[PDB]
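Participant: Sharing a structure below in structure tokens format, with a few things to ask.
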Protein chains: 2
Amino acid sequence: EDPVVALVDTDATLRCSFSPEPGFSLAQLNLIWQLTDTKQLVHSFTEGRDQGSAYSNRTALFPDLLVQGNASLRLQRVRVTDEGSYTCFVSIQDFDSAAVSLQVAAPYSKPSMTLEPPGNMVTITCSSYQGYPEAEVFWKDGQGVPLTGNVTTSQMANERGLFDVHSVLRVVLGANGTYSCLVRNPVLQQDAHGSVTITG
Amino acid sequence: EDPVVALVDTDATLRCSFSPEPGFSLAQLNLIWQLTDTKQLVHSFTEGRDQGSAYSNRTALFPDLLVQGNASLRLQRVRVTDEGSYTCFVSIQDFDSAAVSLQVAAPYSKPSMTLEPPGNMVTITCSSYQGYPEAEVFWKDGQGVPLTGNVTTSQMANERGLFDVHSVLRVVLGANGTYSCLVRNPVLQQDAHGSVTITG
Ligand SMILES: *[C@@H]1O[C@H](CO)[C@@H](O[C@@H]2O[C@H](CO)[C@@H](O[C@@H]3O[C@H](CO[C@H]4O[C@H](CO)[C@@H](O)[C@H](O)[C@@H]4O)[C@@H](O)[C@H](O)[C@@H]3O)[C@H](O)[C@H]2NC(C)=O)[C@H](O)[C@H]1NC(C)=O
Ligand SMILES: *[C@@H]1O[C@H](CO)[C@@H](O[C@@H]2O[C@H](CO)[C@@H](O[C@@H]3O[C@H](CO[C@H]4O[C@H](CO)[C@@H](O)[C@H](O)[C@@H]4O)[C@@H](O)[C@H](O)[C@@H]3O)[C@H](O)[C@H]2NC(C)=O)[C@H](O)[C@H]1NC(C)=O
Ligand SMILES: *[C@@H]1O[C@H](CO)[C@@H](O)[C@H](O)[C@H]1NC(C)=O
Ligand SMILES: *[C@@H]1O[C@H](CO)[C@@H](O)[C@H](O)[C@H]1NC(C)=O
């Protein structure tokens with residue numbers, strides 16, 4: 001740049017320039033015109049808006065032209081007082097984002113078993129403590145095979161969000177049956193079991 | 001990214017990343033970690049400083065590692081409540097500057113001439129009005145040749161900064177002399193003159 005010569009009482013243009021990326025949008029652009037030496041503010045374009053002229057009320061941008069990278073300032077009704085160096089600061093912000101999901105877990109304790117002590121309906125109870133998230137519960141006999149029966153299973157969360165699972169199987173008996181509870185944590189893939197065996 | 005699995009009561013790390021330019025410095029970087037859905041603030045690094053953890057007091061950056069582009073966040077003493085998606089916003093600011101100097105000008109009016117009316121010391125007076133900046137003043141005879149003599153020249157600025165120049169030449173007379181004043185504006189390179197001619 002050479003200096004800009006302006007007749008007193010006329011309007012003048014102070015050049016400034018940038019090269020915008022194809023992405024570009026004015027919400028990115030942050031633009032300050034300042035008196036070089038003092039660093040007093042003259043005109044600003046920030047946060048997708050054209051703020052005013054700061055003190056003068058005699059300055060303007062070419063708001064239709066910014067997006068194309070013209071940050072030149074227009075100074076009106078020039079006067080001796082305006083003489084000096086002006087500095088144009090142009091900051092473009094490129095914002096990127098990434099997301100990350102946190103999955104929380106806790107293990108369930110070894111279950112504790114309970115019943116009402118051979119063609120009779122009896123109830124077995126599986127209780128396992130303080131795991132997260134909700135567990136998958138499986139009842140099965142001693143050779144891995146699902147037990148038939150009515151099972152009620154509830155899972156109750158404490159103050160800290162952790163679950164205690166309480167699962168109740170009502171069965172009719174067979175003289176030699178083992179009965180098992182597997183409490184699974186899907187997320188950790190940890191398995192907890194207990195089992196009663198009934199002969200007599 | 002896959003999701004991050006954290007045992008309750010342990011510490012976990014949420015990854016985030018950037019690729020910095022060789023220029024790069026932390027005063028450029030603006031960094032927000034937010035709960036994706038709510039958009040509540042978790043942790044920020046702005047204006048060359050690491051602001052705190054926002055609400056939790058359980059979060060940290062790796063401040064020694066930012067400059068290399070690691071914006072990962074450390075979450076401490078994890079709990080069910082923390083479960084969710086987190087979003088990391090990374091804005092880098094590249095600031096450029098240019099300076100432009102405004103040189104103001106105004107033209108001087110045609111000078112007006114005055115004297116005390118042939119081997120006598122007389123005084124001629126050049127007055128020119130409202131120019132800017134200070135002018136160069138030249139006294140000369142009628143064939144372009146500098147006049148010898150004592151010249152006093154003063155330049156006085158009005159309310160608006162503009163100069164009136166008043167230049168006084170004291171000469172001894174020669175029976176046939178033309179006397180001239182050239183008032184020059186260096187900046188505009190406009191010349192203003194007046195002249196008296198003296199026969200009798
Ligand atoms: C940013 O956009 C600006 C807004 O359009 C551009 O400004 C324009 O620039 C063009 C090309 O250089 C100028 O065209 C020239 O204008 C002069 C007229 O004389 C000057 O004096 C009057 C005062 O009476 C004042 O209005 C201006 O300062 C004038 O420049 C002609 O002699 C030339 O032949 C030619 O037509 C436009 O005048 C100018 N417009 C304004 C309002 O300044 C600028 O070029 C762009 N900058 C960048 C970096 O891209
Ligand atoms: C940003 O910088 C981070 C700070 O150093 C980097 O984090 C480090 O990443 C390395 C490489 O992947 C990890 O090394 C692995 O760590 C695990 C240890 O188990 C995890 O569990 C404990 C909880 O008890 C917890 O401290 C962490 O979440 C652990 O990751 C090992 O099994 C691996 O073999 C290997 O050693 C560092 O542990 C990790 N440090 C921390 C504090 O997280 C990160 O890689 C950088 N990110 C980017 C984008 O560059
Ligand atoms: C600047 O302009 C506003 C109108 O937008 C006006 O209210 C204010 O008084 C002006 N200030 C000066 C110093 O001219
Ligand atoms: C966060 O930490 C500051 C100490 O830096 C402490 O004064 C403030 O009470 C903390 N807030 C919470 C909610 O723990």
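Please read every residue number as a count from 1 along the shown chain.
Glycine residues also receive a Cβ, built from the backbone N, Cα and C atoms like all the rest.
Quick paste from Swiss-Prot:
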{"type": "CARBOHYD", "residues": "B:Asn70", "note": "N-linked glycosylation site"}
{"type": "DISULFID", "residues": "B:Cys126-B:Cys181", "note": "disulfide bond"}
{"type": "CARBOHYD", "residues": "B:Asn150", "note": "N-linked glycosylation site"}
{"type": "CARBOHYD", "residues": "B:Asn176", "note": "N-linked glycosylation site"}
Participant: How many whole Å apart are the CA atoms of B:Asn176 (N-linked glycosylation site) and B:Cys126 (disulfide bond)?
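Facilitator: Roughly 20 Å, rounded to the nearest whole number.
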Participant: Validating a neighbour-count step here. Other CB atoms within 10 A of the CB of B:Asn176 (N-linked glycosylation site): how many?
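Facilitator: The answer is 11 other Cβ atoms.
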Participant: Please identify, from the glycosylation sites B:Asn70, B:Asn150, the residue with the sparsest Cβ neighbourhood, meaning fewest other Cβ atoms within 10 angstroms.
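Facilitator: So among B:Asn70, B:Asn150, the glycosylation sites given, the one with the fewest Cβ atoms within 10 Å is B:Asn150.
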Participant: Given a gap of 5 unmodelled residues from B:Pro117 to B:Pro118, what is the distance between their Cα atoms, rounded to a whole number of Å?
Facilitator: 11
